[PDB]
């Protein structure tokens, strides 16, 4: 099926992706405040399927390592969320056999939402406390089925976001990993044999986010 390659060595944390995702689905805004960071919303929620995480780390000499992480469902090749959900009710989590998209349906309101979330190694699923429906990135699967890029990939200005067939994206990830490693010796691909959203991190993925990798 399909794959994202997310090269965080090019991300300006412009948040085009965060706003693109809400525009495409006409999602509402959360009520946010500044608690001493550009980061907002502070977390994924029922109505926020992607947010850019901001971490400040040290480096030698002038400046900082400013670490940007646009977080989304990884679309696991073998999704634990689906395994957990199938225990209660099949049809709640399905797989697009053509695109690889892992897709939540309305039947998620019938399963143990907190156990679906806890089965996710990346802590991605979010519950609506009112309806008990789960939500997350759906890979813009309808746009992909009609030959379009996901909203967040088309919007990206820097070449950070990349999408296409698993072979071309794995060949991209490897090429780009070897270049970035020259100027960033700790660069690594996130769980690249296991997920369809492959992040290139410029250092220890845990510095970007505690649930960056499995």
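Positions refer to the first chain, counted from 1. Each form is matched to the other, and the largest set of C-alpha atoms that superpose within 1.5 Å is called the rigid core.
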Can you check whether 58-66 or 35-43 lies farther from the displayed model in 5 other deposited structures of this protein, averaging C-alpha distances as RMS after superposing on the core? 58-66
Name the higher of the two by mean Cα B-factor in the PDB entry, 190-198 versus 9-17. 190-198
Higher-B stretch (mean Cα B-factor, as the entry records it), 179-187 or 142-150: 179-187
Identify, among 89, 134, 137, 119, the residue whose C-alpha carries the highest B-factor in the deposited PDB entry. 89
Residue 105: C-alpha B-factor third of its chain, per the entry, is the middle
Using only modelled residues of the chain, where does the Cα B factor of residue 63 rank: lowest third, middle third or highest third? highest
Split into thirds by Cα B-factor across the chain's modelled residues, where does residue 82 land: lowest, middle or highest? middle
For residue 212, the third of its chain by CA B-factor is the lowest
Taking the entry's C-alpha B-factors for this chain, is residue 50 in the lowest, middle or highest third? lowest
